[PDB]
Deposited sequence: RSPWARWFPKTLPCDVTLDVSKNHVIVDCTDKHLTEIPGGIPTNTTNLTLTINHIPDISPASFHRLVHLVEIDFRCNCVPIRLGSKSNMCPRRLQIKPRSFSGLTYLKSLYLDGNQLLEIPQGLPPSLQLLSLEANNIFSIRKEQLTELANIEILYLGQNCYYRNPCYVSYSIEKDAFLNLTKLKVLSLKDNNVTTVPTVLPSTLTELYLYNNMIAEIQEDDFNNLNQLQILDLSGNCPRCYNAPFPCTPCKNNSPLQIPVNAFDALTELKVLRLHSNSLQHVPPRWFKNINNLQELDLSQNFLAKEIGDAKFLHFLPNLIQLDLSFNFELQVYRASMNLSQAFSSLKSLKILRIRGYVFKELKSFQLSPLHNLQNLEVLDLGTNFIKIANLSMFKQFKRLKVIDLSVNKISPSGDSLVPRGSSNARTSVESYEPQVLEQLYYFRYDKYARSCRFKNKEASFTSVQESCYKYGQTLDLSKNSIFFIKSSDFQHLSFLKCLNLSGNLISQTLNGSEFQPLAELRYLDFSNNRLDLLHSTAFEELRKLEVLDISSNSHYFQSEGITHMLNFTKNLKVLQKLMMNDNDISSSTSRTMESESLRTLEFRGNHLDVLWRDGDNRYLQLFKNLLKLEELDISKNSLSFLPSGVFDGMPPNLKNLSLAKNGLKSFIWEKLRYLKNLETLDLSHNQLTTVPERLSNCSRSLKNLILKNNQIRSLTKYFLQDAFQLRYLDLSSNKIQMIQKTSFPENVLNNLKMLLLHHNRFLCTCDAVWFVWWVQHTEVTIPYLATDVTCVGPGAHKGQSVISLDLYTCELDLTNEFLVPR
């Protein structure tokens, strides 16, 4: 509630349905908590700042607070550790969540309210755990005590937990003890635990009674214990004699609701089937970064995982061993419900069709990761049986053509699963990611029996070929093709002619043959592509073109950034003026970073009629005309950021009748016209940030136009806060226009003592 604030430099968000008020003071360099904080707020954000300590009077009048964030308030360049006065949180009866990460605290704070449910104490100096200060947390549910003693934040003392310290926490559900130099699992954990995170510790042995009472546990993490330290870019201490993490056979017996089990980087050598005897509902299993190269050939334990969804076996290669072929066990056929399989880091020479026979009967298999394996010989025709597969990974391996602040400062989710990189090519269907391979030329015979491919990634292969319309012949149903970081010779206009169903084509980073001058550059090759929608050819350094115009009856998006359009539009050269005129259906243009000092008169007449998104960022426009914008009758998102313009148009209404997203970020504008926004009711977005503007007059910014503006930015500029802008000073602190960084970035240059003064916090009584 309270809606209208007074001088708070933090953003305020209201959710009447959720009855939640959010105050975000992230990155504000506040030495002390600002005054005038509303009593109706619920979430308080107090991240990286210069707060010396916490006083009980800080939250004296705040009783509706349910979330307090104090993450990374002093990162070890920082003064002494934060000191919390006694009874500094007892007044918050409605408190439920509290974050105190990165505060260099020595002991657990006391006096916490009994209504607390979440507590985060990561990146602190708490290496001792006793029941006395845990008695007050009898109602907690989620506890985060990780990252208290490890290589980034050392304490030189092993973690000490007294007996049955967590036993009385009956409401505990999630416990995290990562990177805490723990040696022994802290028995006895409460029986209501669901997620246990003990990874990246120094645990060497597991007792048979360690998880004897945990029956509702769902997520268990035991990574980093006795890790594989070979070629490790971080300080890690292998266990002695390389010994693996000793886990008894009857260890995971009481676990019945377990769903996620992570054993990554444990130097394991054998996986006994007795471990998975009781856990029948296991879904995700991680066994990466171990020494299970021989176990994969046996994989006898896979017979006890009928409901497995994810299986990770990455980076299990043997030192000084180069396998001739992948040895997949026949027990892999028992994974009926398997969906994702990762066999990276299993470096081997040749991949054959019969080596993937166990995976032929997996109906639910979708992702098959095989990248970073240095595969030399691989017949691509063997994938004709994996039509149901969604993503096939053939990454940096060497397949060739066939011969004849800190972490806790952000990410409030804390313990979260590794989110897979969702590439733009996955949404189109079947994907064959052949990027960064040893393919140097394309044959139509290699891609045979692959008519089902809806996507193909060939970036980074460094292919030097002159396509003429016969290479991608079998790929009849291909819709997305990536050809970035290659050497494409556009000597023929029939390139990509046989890709009848192609929609998105990417030929970026092909600067080699485009940099040369005098050779033919058939830029009209898009005429044959009937259903092409998007074409990305940026960073190509295109300086000349044999074709006068580019023709396409279906192209909608065109990225032409990082090229040389100044030479194409050189003074006295009107050949390539109407280069984009024939693109009838084009709606978005991205001609940026083209070193365009000036725009020759006539290019706007040669623009496509349906243009809607024009970008000219980082171009260095010394003088950009404005009266020619009348030709574009559909322009809505003109962008001129990071340019060297110096004058705004006399009347924006006379220039464009549909512009609504004007952007002039990081420009050099000292003053605006006296009728800049006169009768321009169609505008909704405007940006003048990072400029050299001095003052704004009333006649240039009418309130009628300003009422409908969704966003307006005037920060990080050179405004002068003198007595000549009393109307601006009154309006900036009396309007409802969303102006971000109104009290943090926009300051006053002068005069005199007014340096660094906040414009919204100005009151010139003498004016």
| field | Ranges of the deposited sequence (numbered from 1) for which no C-alpha atom is modelled | value | 1-4, 81-88, 417-448, 812-823
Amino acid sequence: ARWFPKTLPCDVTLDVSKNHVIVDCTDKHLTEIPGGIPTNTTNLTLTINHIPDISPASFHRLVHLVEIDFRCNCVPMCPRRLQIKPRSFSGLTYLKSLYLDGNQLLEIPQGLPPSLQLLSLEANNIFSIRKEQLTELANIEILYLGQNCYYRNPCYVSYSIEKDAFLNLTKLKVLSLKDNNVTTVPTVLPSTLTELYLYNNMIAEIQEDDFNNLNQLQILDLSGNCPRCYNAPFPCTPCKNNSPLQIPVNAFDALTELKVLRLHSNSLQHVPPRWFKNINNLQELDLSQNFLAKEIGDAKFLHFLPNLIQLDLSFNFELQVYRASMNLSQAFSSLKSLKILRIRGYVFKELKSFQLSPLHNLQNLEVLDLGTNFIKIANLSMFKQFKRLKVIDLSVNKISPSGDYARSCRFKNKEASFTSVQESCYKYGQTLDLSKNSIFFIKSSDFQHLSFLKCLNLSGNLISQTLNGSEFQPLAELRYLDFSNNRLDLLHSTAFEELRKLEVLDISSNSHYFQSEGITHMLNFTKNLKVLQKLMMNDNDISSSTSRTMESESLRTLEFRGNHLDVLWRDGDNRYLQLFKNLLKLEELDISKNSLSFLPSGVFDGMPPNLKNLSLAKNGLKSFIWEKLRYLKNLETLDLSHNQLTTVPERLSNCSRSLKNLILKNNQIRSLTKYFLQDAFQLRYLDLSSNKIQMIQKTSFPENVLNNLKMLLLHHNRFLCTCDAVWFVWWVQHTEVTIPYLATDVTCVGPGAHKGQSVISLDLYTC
From here on, numbers count along this sequence of modelled residues.
| request: Look at the other compared PDB entries that model both sides of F411, then say whether a third or more of them leave it out. | output: yes
| said: Is it the case that, in at least a third of the other entries compared (those modelling both flanking residues), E559 has no coordinates? | reply: no
